[PDB]
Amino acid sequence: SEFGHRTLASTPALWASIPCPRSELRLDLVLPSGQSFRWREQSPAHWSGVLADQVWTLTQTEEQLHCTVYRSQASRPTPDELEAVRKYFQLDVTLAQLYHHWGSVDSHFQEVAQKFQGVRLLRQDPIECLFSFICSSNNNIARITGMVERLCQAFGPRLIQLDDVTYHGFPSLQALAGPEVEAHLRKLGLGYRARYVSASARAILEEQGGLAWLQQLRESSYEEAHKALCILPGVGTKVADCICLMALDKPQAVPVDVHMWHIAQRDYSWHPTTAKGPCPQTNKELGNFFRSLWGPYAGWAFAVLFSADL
């Protein structure tokens, strides 16, 4: 009881709720769907990971999101900590209102969405998001997930251990910008991305002004933020869009990848107007198409289709 990952049943007194119907959130459709790679369903229906520098286990009932934190002296989460959870899930943003708007302007969205509710965007930490996706280029969720964990185990601060799992906080810029980081990352299997991580860490601290420069992007415009991001090695148009969408508060950002193309072609008979294949210009066009169709929160809209495809 006192050990291992908790469950709602095992330690009732250590949990606290946040009103939240499954219609507004589905942990199982959000946490493992390629937004964040830090959560694992350690026991059925319970998800554990690092959120706001601490470890949490989350699980949900029909109307409640149950939370528990592992900071000593175990106790339920405090209202402020819970606030950190609400912020992470952007619970002030109402999915029902978004699904409704999207559905009214797109019959296809209407269909699919009725079977995949509660898909929303996580508000991620800029650093974690930047380097997580630096690792995602030309790669799959399973691998990316492993790489990211190895990364944090090797360069992130040790937080706490549960069962045989040791949680780590995400690596700081300083640690990632350190000597021989690349060589160490290659031994960990990040492939050529190993250089990207190192180079982008150095690029930020040594040529852009450090952490501040990145955080500033949240107040910056989507177009600005996206442009800024693109100078960093390993970060192309797609990765940048993922970051603007998931960390820089750019909900109109639409990351186009092979997934997006297939769906665009199959479900909307979409084809390039202004090349006939996947390239900078055609990708830019596809993103505008979905933006013109769905509106200001097109990015959220695509997540519904992206994490509903299979």
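Numbering starts at 1 and follows the sequence shown.
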How big is the unmodelled gap, if any, between residue 269 and residue 270 relative to the deposited sequence? Choose none, 1 to 3, 4 to 9, or 10 or more. none
With respect to the deposited sequence, is there a break between residue 100 and residue 101 in this entry, and if so is it 1 to 3, 4 to 9, or 10 or more residues, or none at all? none
With reference to the PDB entry, specify whether the mean Cα temperature factor is higher for 72 to 80 or for 145 to 153. 72 to 80
Mean temperature factor over C-alpha atoms, higher-scoring stretch between 257 to 265 and 38 to 46: 257 to 265
Choose from 208, 166, 124, 174 the residue with the greatest Cα B-factor as stated in the PDB record. 208
What's the residue among 243, 52, 58, 29 with the greatest CA temperature factor in the PDB record? 52
CA B-factor placement of residue 219, once the chain's modelled residues are sorted into thirds: highest
Among the modelled residues of its chain, the C-alpha B-factor of residue 128 falls in the third labelled lowest
Residue 158, C-alpha B-factor rank within chain (lowest, middle or highest third): lowest
Residue 196 - Cα temperature factor, lowest/middle/highest third of chain: middle
Residue 90 by Cα B-factor - lowest, middle or highest third of the modelled chain: lowest
